[PDB]
Amino acid sequence: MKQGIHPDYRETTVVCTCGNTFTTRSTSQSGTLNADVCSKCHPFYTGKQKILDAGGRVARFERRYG
Amino acid sequence: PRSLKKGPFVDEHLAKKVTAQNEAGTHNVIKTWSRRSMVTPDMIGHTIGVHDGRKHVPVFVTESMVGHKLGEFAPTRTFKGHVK
Amino acid sequence: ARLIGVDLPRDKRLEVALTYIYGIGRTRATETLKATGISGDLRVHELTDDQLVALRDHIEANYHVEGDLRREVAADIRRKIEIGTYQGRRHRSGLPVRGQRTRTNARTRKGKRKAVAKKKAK
Amino acid sequence: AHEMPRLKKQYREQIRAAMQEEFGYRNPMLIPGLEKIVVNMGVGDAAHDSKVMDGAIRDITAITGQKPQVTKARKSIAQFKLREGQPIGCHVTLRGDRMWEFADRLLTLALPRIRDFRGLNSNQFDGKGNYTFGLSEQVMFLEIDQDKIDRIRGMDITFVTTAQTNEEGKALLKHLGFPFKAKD
RNA sequence: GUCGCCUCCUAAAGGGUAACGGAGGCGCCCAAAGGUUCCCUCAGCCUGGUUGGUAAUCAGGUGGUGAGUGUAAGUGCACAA
RNA sequence: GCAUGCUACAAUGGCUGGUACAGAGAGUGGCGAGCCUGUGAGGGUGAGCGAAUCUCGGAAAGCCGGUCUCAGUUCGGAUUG
Ligand SMILES: [Mg+2]
Ligand SMILES: [Mg+2]
Ligand SMILES: [Mg+2]
Ligand SMILES: [Mg+2]
Ligand SMILES: [Zn+2]
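Residues numbered from 1 in each chain as written, not as in the entry; some residues may be left out. Chains lettered and ligands numbered in written order. Part of a larger assembly, values for the part shown. Heavy atoms only, no water.

- Method information in the entry identifies cryo-EM as the source of the structure, with 2.78 Å recorded as the resolution.

Structure (structure tokens):
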């Protein structure tokens, strides 16, 4: 590393507002990181959406007629 | 659209023809002028010649047709564009 | 990135900042506020993260919003196209689908008037 | 400060053991590992002004943590409207601790908050165990500010690993943890 | 139309060699495009990648000269000139 | 393409709660109150009235309180699911 050309880069706590706190390092100037969602918190792979689709075209028919 | 408590409207001769086709083999084209009728699962996999005003255009009814009228698949006007 | 995929605009009341979300309208936002028990007359910049995430959870649980609803709508239109209904044919033609007249204006679907030369009188 | 990163520790213990057991390398220094991370951004709409390059430098500096290398145009092109020697892109090479902690930060924080995030394709490997992908938008890196960015920009992220083959590269990056769908 | 200078061919493996023979250039440019020292290897092709396309920037693989050389051409130059 | 209109482009306004003041007309396969049900269109029951009697019925603008604060908007309401 060359002195005086790189940004401030020091110890950095992150809190994910989902029970997760970690001790990474980043350039977050005079401060830390207050995330909105974590990896182990995001509904993507923790598996909390399961949208797939709604392909029951006939199922709609017997839903409103059967 | 039609009221739910009145049920779907199938023109009561298309129904009997498709039921006869089901009983005796789902292989024939059913010629009808009933653009008025509602596609139903009981006719799925059939081919129906829907009148469009001058000709009975055939439609092969698939799974997704069910929530539609027979006449939706037999366009009545031809445009092709202005000029050429 | 305040809510699901949209940033609520600051200095605007919550009851309409919610409607700023795709898939949320006036009555949908009003319900959301009554369910979450959050006032609707306070500006968004005074919003604690706990109530913000409670509102987010309610919206995500009850409502199709943003990318999900946009993809669902696009899928519905594409299904009409691929099934070939009259509405699907009108969609492919880029022409009104709900039985609107097309002789005179139909302008919001036909775009701007691309006037064409016609026959000339004597 | 002196502390060997969480992601590096996880890699060493768990991933080296897992690769040694489920690829059966006959030599201990054959287990693949991350060699470097390259963060590129081509900002080609810099042939008409310099402020865009300044914003890109600020953004990439904040995201990575070191000054970027600014590449000048190798050849001029009229239809792209760039002259010779104009700065049209900037990139950063991360190795060692900076590599490990930037990867940890990225995976744990940033791409989780992609709009309608659906994961990353598993078929974006170069064919030699290295995986490169692209982010269409930048402020999603919450290590930067929000209400002062000049304009939205994107970037390319490349993980170069000492993996001989694509399948073992995919295994390594899966064990490190990426959102990997089952789609093309 | 041409007249001085430069490069190639004619020119018959030293040099030289004519025609209103065949091809082109020059009347500059550069305070670095000079001196020195250290470092580097290209073009093309293949694969992957936000904007981005054949081709901008990035990664890996390949690739010895086919790139490059301020300016014509030849002789050179990758040991790099 | 033309023509006649409607709704607009907002603050003399939008939204919301409360609260005043009409006329002229229509009605038995009709006008339907009241009650119950539904977010609502409506549905179920269903009196009354061939009607200066009963029903359509609520008049709206306005006034009053709250709110929005000049934003392509809490304007506009086209289009589309
Ligand atoms: Mg000679
Ligand atoms: Mg000789
Ligand atoms: Mg002589
Ligand atoms: Mg009468
Ligand atoms: Zn989280």
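1. Brief notes about the interface of chain C and chain B
How big an interface is tends to be reported as the loss of accessible area on association of its parts.
For step 1, the next point in the chain: Each partner contributes to the interface: chain C provides six residues, whereas chain B provides six residues.
For step 2, the next point in the chain: Summed over both sides, the interface of chain C with chain B buries roughly 520 Å², with 66% coming from carbon and sulfur.
For step 3, the next point in the chain: Area buried by chain C at its contact with chain B is led by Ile83(C), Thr85(C) and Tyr86(C), which between them contribute 72% of it.
For step 4, the next point in the chain: Between the two partners, chain C and chain B, sit zero salt bridges.
For step 5, the next point in the chain: If you look at where chain C meets chain B, you find one residue pair in polar contact.
For step 6, the next point in the chain: Of all the elements, helix 5 (residues 86-93) of chain C adds the most residues to the side of chain C that touches chain B, at three residues.
For step 7, the next point in the chain: For the side of chain C that touches chain B, the per-class residue count stands at two nonpolar, three polar and one charged. (Contact = heavy atoms within 4.5 Å. Buried area = accessible area lost by both parts, 1.4 Å probe. Salt bridge = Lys/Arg side-chain N within 4 Å of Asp/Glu carboxyl O. Polar contact = N/O pair within 3.5 Å; in protein donor to acceptor, adjacent residues only side chain to side chain. Helix = DSSP H or I, 4+ residues; strand = E, 2+ residues; numbered from the N terminus. Nonpolar A, V, L, I, M, F, W, Y, C, P; charged D, E, K, R; others polar.)

2. Some thoughts on the interface of chain D and chain A
For step 1, the next point in the chain: Across the boundary between the two partners, chain D contributes 23 residues, which contact 19 residues of chain A.
For step 2, the next point in the chain: Summed over both partners, the interface of chain D with chain A comes to about 1,900 Å²; 62% of that surface belongs to carbon and sulfur atoms.
For step 3, the next point in the chain: Put simply, chain D and chain A have one salt bridge between them.
For step 4, the next point in the chain: For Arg25(A), the salt bridge identified is with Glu101(D), shortest N-O distance 2.5 Å.
For step 5, the next point in the chain: Elements with a contribution of two residues or more to the side of chain D that touches chain A: helix 2 (51-64) and helix 3 (96-110) of chain D.
For step 6, the next point in the chain: It is helix 3 of chain D that provides the largest number of residues to the side of chain D that touches chain A, a total of seven residues.
For step 7, the next point in the chain: Its residues placed into classes, the side of chain D that touches chain A shows eight nonpolar, six polar and nine charged.

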